[PDB]
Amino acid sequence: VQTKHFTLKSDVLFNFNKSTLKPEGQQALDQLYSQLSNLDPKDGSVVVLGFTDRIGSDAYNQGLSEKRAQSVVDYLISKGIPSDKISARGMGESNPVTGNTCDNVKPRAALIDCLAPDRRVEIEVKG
């Protein structure tokens, strides 16, 4: 089994608290799909995971992350990924890539900036 893992910035794909792909988001997914289409495997699978930062309501962040992941999957299916070979999952605030690095960044705007790497969609491709 060999995966390839990719990451896209949620701040690019979506507006603040929204889950509709922006034009910039579609373009980012077009560019990724261009890369993914360079291989023609017999079979494979794609897993799309949405993540938020640790700020705000966890129930709201879970819901938002799931809708974001779904919007990405729906678009990628539109581009050509077969619907039964791709799945979406919202992971909410879990598994931050910033780990404990932003733990003591106090001022709200500075913390939001420090947490930016956590606001992301991860795409795992198996072939």
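When you see a residue number, it is the position in the sequence shown, counting from 1.
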{"property": "Comparing 1-9 with 117-125, the one whose average Cα B-factor in the PDB entry is higher", "result": "1-9"}
{"property": "Mean temperature factor over C-alpha atoms, higher-scoring stretch between 87-95 and 25-33", "result": "25-33"}
{"property": "Given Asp74, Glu66, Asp53, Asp43, the residue at which the Cα B factor reaches its maximum", "result": "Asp43"}
{"property": "Third of the chain, ranked by Cα B-factor, where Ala59 sits", "result": "middle"}
{"property": "Lowest, middle or highest third - CA B-factor, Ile81", "result": "middle"}
